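In order, the protein sequence lines correspond to chains x, y, W, X, D and C.
First residue of the first sequence? That's 570 in the deposited numbering, and the numbers climb one at a time after it.
First residue of the second sequence? That's 570 in the deposited numbering, and the numbers climb one at a time after it.
First residue of the third sequence? That's 419 in the deposited numbering, and the numbers climb one at a time after it.
As numbered in the deposited numbering, residues 419 to 516, 524 to 542 make up the fourth sequence, in order.
First residue of the fifth sequence? That's 19 in the deposited numbering, and the numbers climb one at a time after it.
First residue of the sixth sequence? That's 19 in the deposited numbering, and the numbers climb one at a time after it.
As structure tokens, the structure follows; a few thoughts come after it.
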Amino acid sequence: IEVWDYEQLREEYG
Amino acid sequence: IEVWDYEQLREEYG
Amino acid sequence: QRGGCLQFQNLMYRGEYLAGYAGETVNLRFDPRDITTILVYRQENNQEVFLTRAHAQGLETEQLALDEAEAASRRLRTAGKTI
Amino acid sequence: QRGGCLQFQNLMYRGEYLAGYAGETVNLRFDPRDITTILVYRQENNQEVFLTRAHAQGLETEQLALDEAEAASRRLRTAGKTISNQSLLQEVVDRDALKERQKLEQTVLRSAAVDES
Amino acid sequence: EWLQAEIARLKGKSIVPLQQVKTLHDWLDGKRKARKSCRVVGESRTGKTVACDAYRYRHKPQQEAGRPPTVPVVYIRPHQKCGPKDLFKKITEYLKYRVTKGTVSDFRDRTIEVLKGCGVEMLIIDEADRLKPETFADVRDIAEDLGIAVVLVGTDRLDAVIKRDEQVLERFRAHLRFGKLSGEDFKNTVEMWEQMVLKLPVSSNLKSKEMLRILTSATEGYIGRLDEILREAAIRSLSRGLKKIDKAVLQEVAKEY
Amino acid sequence: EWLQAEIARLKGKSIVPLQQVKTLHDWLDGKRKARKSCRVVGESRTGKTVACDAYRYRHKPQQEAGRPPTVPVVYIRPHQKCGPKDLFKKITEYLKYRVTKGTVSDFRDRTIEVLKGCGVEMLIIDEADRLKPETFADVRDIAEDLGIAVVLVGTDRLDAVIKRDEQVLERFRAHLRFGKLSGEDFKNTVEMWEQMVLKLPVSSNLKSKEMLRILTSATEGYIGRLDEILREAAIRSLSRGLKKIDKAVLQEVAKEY
DNA sequence: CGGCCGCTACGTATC
Ligand SMILES: Nc1ncnc2c1ncn2[C@@H]1O[C@H](COP(=O)(O)OP(=O)(O)OP(=O)(O)O)[C@@H](O)[C@H]1O
Ligand SMILES: Nc1ncnc2c1ncn2[C@@H]1O[C@H](COP(=O)(O)OP(=O)(O)OP(=O)(O)O)[C@@H](O)[C@H]1O
Ligand SMILES: [Mg+2]
């Protein structure tokens with residue numbers, strides 16, 4: 570399943 | 570017996 | 419307190435002269451068998467004198483021992499209700 | 419019960435042939451020191467015959483004594499939470515981890538029983 | 019889309035003629051004709067604000083050609099830690115005047131002028147306990163000086179605040195208490211929501227004993243929970259396609275409380 | 019260096035799909051459509067924040083033309099002893115507007131303008147118990163005035179604060195609760211940490227009964243300890259040169275508790 | 001709407 574890097578979600582967030 | 574929509578009461582108000 | 423209130427065992431009391439003494443400390447003198455009325459004494463010239471009788475607002479016609487007021491208060495605090 | 423189940427001191431049990439006998443009555447042999455497992459006997463030809471080793475589902479790795487399941491059930495009843503095998507285990511593991526003379530006595534009594542093994 | 023129309027409708031709001039509301043209006047007409055100041059109190063979900071909006075939305079402002087409006091009833095709601103200026107600011111705006119920058123006495127003088135100009139008979143203050151203790155001097159003054167019935171609405175904390183000032187307590191002494199539904203009255207009210215509010219395509223029979231146990235334990239008798247539980251159950255059950263509410267789906271909504 | 023690449027992976031952070039996160043996102047979608055206020059409660063290591071952040075990273079701001087961003091879900095976190103100006107200030111900044119000098123009524127009037135126009139449906143307040151008691155007046159006000167659902171997130175202490183005020187305790191009575199992992203659910207989750215978060219050179223087989231006993235006593239079912247214990251063990255394993263975790267190295271890490 | 005079946009709760013007896 571997909572598991573998200575926590576800093577990547579921050580970089581992608583608006 | 571009559572029941573009222575809260576928003577209709579607002580629309581009918583002064 | 420302001421407006422002549424005293425607080426004692428969670429009951430709030432008011433009385434005939436207390437508002438004129440707001441901010442002072444008074445010696446409450448009370449009977450544990452019935453706390454619905456309290457005698458209020460104050461110190462003047464290092465002499466304790468009688469001031470007034472203070473009555474728990476809204477229950478002046480009831481009676482409460484201090485043990486009833488304390489046990490009921492624990493149930494209210496445990497229940498999570500206001501006092 | 420249907421689905422091959424036995425429910426007992428709030429704990430629910432599952433057994434290897436037990437679904438064959440839903441609606442029937444069974445004689446259950448158990449250890450008050452360890453109620454995770456139940457021996458199930460049934461009546462046949464007016465004699466007991468052994469049936470199966472039923473186990474508390476999801477507790478096969480775990481050990482509950484009857485006074486722990488009982489104390490957890492009392493606490494769980496009064497806490498207002500739902501009945502389940504873990505829910506009972508959850509109401510054990512806090513009271514375990516966090524003492525009361527009976528639990529302190531039980532710990533010293535246990536240390537003697539350990540030295541018996 | 020017939021579903022989406024019901025989801026857009028049911029998340030809305032209504033006012034129902036209930037006994038507690040009819041009782042308040044008969045009482046407030048008494049206080050308005052007699053010009054007597056008083057208070058309305060009771061637990062937070064009894065629906066006191068809806069009962070007061072049903073009063074404000076009756077007794078409509080009257081318009082005369084080029085005059086300021088004649089406004090029989092004013093309902094305002096203060097912000098937290100409301101000061102004397104904030105009360106006067108809101109009364110002035112409600113009567114449709116823009117408030118220009120000034121000292122507290124400019125706001126006081128202009129407020130007294132517009133209350134006397136618009137012919138106000140009653141002033142209703144919701145959540146009265148947001149008022150700072152000194153502002154009650156200005157509320158007592160409005161009621162002493164102008165022929166205005168001030169009505170304070172609040173809950174049991176308002177009494178704990180009123181009882182810290184003898185001047186307010188001995189003026190706002192008359193009062194009506196909003197209470198909880200029970201017995202036949204809770205039973206009869208559940209039928210009024212089923213037939214007048216929910217509009218589901220088949221009867222859900224919510225007044226039946228197997229359903230009243232569910233609803234009684236959920237609502238405790240509060241009209242503000244009854245409307246909330248029954249809208250949430252209607253929204254949810256229509257999004258699954260049923261024409262009713264039933265035992266298990268209502269126990270799903272009630273298990274959230 | 020191949021070792022350095024992987025050590026930089028383990029000290030990081032990630033969001034794993036789990037049943038609790040998935041439950042919350044279904045429930046909050048029900049609340050966001052219904053515009054119902056609610057609260058989320060549970061113990062401090064259950065992952066309420068990561069579950070809310072995953073919901074903030076769904077429902078991204080829709081930018082258009084030269085209009086303000088359309089933000090369906092606003093998530094803020096207050097500072098300790100948060101006042102009425104501190105709440106508006108953060109709401110205004112999160113929506114990307116600059117706050118300038120003024121008084122309380124100005125932050126309030128301005129907050130309501132940016133909440134309008136710009137499409138807010140839900141406001142999520144983390145650590146809700148940092149709010150000063152009076153600010154709840156402004157939180158209720160918004161929830162009732164604007165069709166905005168407000169969600170309060172917090173620990174059991176939050177409810178101890180909330181029960182001090184009926185007015186709040188009734189708008190926010192509906193709740194969802196986060197629990198602890200057990201039985202099959204703890205065992206199954208340990209495999210996801212191994213196969214999706216750790217991804218060690220060869221498999222440590224943490225679902226094996228002896229590794230589960232060590233992990234159970236260590237973690238007590240908290241996802242915020244499972245995430246911590248296994249990173250600490252995997253960093254120690256790799257920096258000592260091991261291709262997996264083993265009984266003794268995991269007991270060295272768990273003995274720090 | 002009505003009946004049958006597991007888990008709790010009250011009453012009684014004894015060391
Ligand atoms: N007479 C009524 N008819 C229809 N719906 C009602 C009625 N009274 C209350 N409700 C419903 O229940 C809710 C009760 O909230 P309401 O604002 O009326 O309570 P309140 O007593 O003013 O609360 P609080 O004292 O906490 O401000 C309303 O928002 C509405 O949805
Ligand atoms: N789905 C998940 N995937 C990965 N890590 C997770 C997940 N859920 C929680 N965690 C981890 O669990 C730990 C708990 O932190 P988190 O902020 O989620 O807890 P919390 O219960 O919200 O805490 P608090 O109540 O103090 O705010 C963190 O290390 C976090 O990264
Ligand atoms: Mg109200």
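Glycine residues also receive a C-beta, built at the ideal position from the N, C-alpha and C atoms.
Per DSSP, the bridge partner or partners of residue i
i, result
"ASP574 of chain y", "D:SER32"
"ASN206 of chain D", "Paired residues: none, contrary to the question."
"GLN461 of chain X", "X:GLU466"
"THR173 of chain C", "Answer is none; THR173 of chain C lacks a bridge partner."
"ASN445 of chain W", "W:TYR459"
"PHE196 of chain C", "C:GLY60"
"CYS423 of chain X", "X:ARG432"
"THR153 of chain D", "BP columns for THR153 of chain D are empty, so no partner."
"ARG471 of chain X", "X:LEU457"
"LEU141 of chain D", "D:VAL92, D:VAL168"
Cutoff 7 angstroms; reference residue i; Cβ partners in own chain excluding five residues on either side
i, result
"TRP45 of chain C", "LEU194"
"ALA251 of chain C", "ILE263, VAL267, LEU268, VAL271"
"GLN504 of chain X", "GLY476"
Any C-beta of chain W under 8 angstroms from that of residue i
i, result
"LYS119 of chain C", "no"
"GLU184 of chain D", "yes"
"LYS181 of chain D", "yes"
Secondary structure of residue i, DSSP reduced to three states
i, result
"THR500 of chain W", "coil"
"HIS97 of chain D", "coil"
"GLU82 of chain C", "coil"
"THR41 of chain C", "helix"
"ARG432 of chain X", "strand"
"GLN269 of chain C", "helix"
"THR455 of chain W", "strand"
"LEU230 of chain D", "helix"
"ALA72 of chain C", "helix"
"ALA483 of chain W", "coil"
"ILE263 of chain D", "coil"
"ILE160 of chain C", "helix"
"residue 284 of chain D", "Shown here, chain D extends from 19 to 275; a query on residue 284 of chain D therefore has no answer."
"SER257 of chain C", "helix"
Residue-level contact to chain D via CB, residue i, 8 angstroms cutoff
i, result
"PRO79 of chain C", "no"
"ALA69 of chain C", "no"
"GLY421 of chain W", "yes"
Any C-beta of chain x under 8 angstroms from that of residue i
i, result
"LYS31 of chain C", "yes"
Residues of its chain near residue i, where Cβ-Cβ distance is below 6 angstroms and the 5 sequence neighbours each way are ignored
i, result
"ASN428 of chain W", "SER491, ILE501"
"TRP211 of chain D", "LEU248"
8 angstroms Cβ cutoff, residue i in contact with chain y
i, result
"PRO151 of chain D", "no"
Neighbourhood of residue i by C-beta, 8 angstroms cutoff - its chain only, sequence neighbours within 5 removed
i, result
"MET430 of chain W", "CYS423, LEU424, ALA474, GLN475"
"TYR240 of chain C", "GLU61, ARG63, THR64, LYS198, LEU199"
"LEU187 of chain C", "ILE180, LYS181"
"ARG258 of chain C", "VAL267"
"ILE109 of chain D", "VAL92, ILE94, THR129, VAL132, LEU133, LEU141"
"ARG50 of chain C", "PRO90, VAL91, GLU139, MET140, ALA167"
Chain X contact for residue i (CB, 8 angstroms cutoff)
i, result
"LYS198 of chain C", "yes"
Proximity test, Cβ basis, 8 angstroms: residue i and chain C
i, result
"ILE109 of chain D", "no"
"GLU250 of chain D", "yes"
"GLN425 of chain X", "no"
"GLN461 of chain X", "no"
"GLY242 of chain D", "yes"
"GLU576 of chain x", "yes"
"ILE253 of chain D", "yes"
Checklist entry - For the segment 84–99 of chain D, which residues have a CB atom closer than 9 angstroms to at least one CB atom of chain y, in sequence order? => result Flagged, chain order: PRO87, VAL89.
Next on the checklist: Can you pull out the residues from the segment 472–506 of chain X whose beta carbon lies closer than 8 angstroms to at least one beta carbon of chain C?
Outcome noted: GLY476, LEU477, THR479, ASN503, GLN504
Next on the checklist: Residues of the segment 200–231 of chain C in Cβ contact with chain X at a cutoff of 7 angstroms, in chain order, please.
Outcome noted: Of all residues in the segment 200–231 of chain C, the ones placed with a Cβ closer than 7 angstroms to any Cβ belonging to chain X are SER200, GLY201, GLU202, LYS227, in chain order.
Checklist entry - What residues from the segment 120–144 of chain C come within 7 angstroms of chain x, judged by C-beta to C-beta, listed N to C? => result none
Checklist entry - Using Cβ-Cβ distances below 8 angstroms, what residues of the segment 31–45 of chain D are close to chain y? => result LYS31, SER32, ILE33, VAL34, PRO35
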